[PDB]
């Protein structure tokens, strides 16, 4: 089945044991860092569900490593573009995560400079959509810079519900070293957050990429036109409307390039 194939490719489980998922995902983080000899992790904290979940798992992983007499640290970093409208949630996220270090890097001046030079060289203004993708790539650079200066791995927040739709920026939030949330559906992620003792405000929060200047904090589902719950039912193998399965299936193939290393002539996935 196409749905069965996707489920298997994305590593989704129809049902999970939240306590055990948390243990294994924290152990993955611990084992990876130790194998590489890295000094910890860095992650951009948005105030959204996924980063809040991934950020707490990272914090639990570095605490465990030190308990074992190792040395590891977690740097949480806010990356607003000027004034973030839901900064309050970010601040709440931080209180809940309790990271070893909380940094900040406002990306407005870089993005501005980039924009101004674009129009000056080409005579065109960047569209809102293209500017939104510049913002997402700038956050990548910012995280890689901190990671580079401090000897840390960059965590990525991709999970099955964002993966199936290719809903992330190529080499932007998609640019990361490791993925602790792989295989989890949106609802399964909320379950994990609930078991961790997270504030309800962080997991009943409407998912948003908030990249646009013309339409702040726009909802994922709006941009998508399918509900995350429909998405979760499909991935968890529940039966859904054919109108649902076909639109999901089509977007998945169309976004395969985001899930693979750059194409060459020796690759067949694209043919």
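Numbering follows the first chain given and starts at 1.
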Tell me which stretch has the larger mean Cα B-factor in this entry, 200-208 or 64-72. 200-208
Segment of higher mean CA temperature factor, 212-220 or 231-239: 212-220
From 123, 180, 175, 147, which pick has the Cα B-factor that tops the rest in the entry? 123
Per the entry, which of 106, 162, 88, 195 tops the list for Cα B factor? 88
Among modelled residues of the same chain, the CA temperature factor third for residue 116: highest
Chain-relative CA temperature factor third for residue 33: highest
Ranked C-alpha temperature factor of residue 225 among modelled chain residues, by third: highest
In terms of the CA temperature factor given in the entry, to which third of its chain does residue 245 belong: lowest, middle or highest? highest
Can you tell me whether residue 167 has a C-alpha B-factor in the lowest, middle or highest third compared with the other modelled residues of the same chain? highest
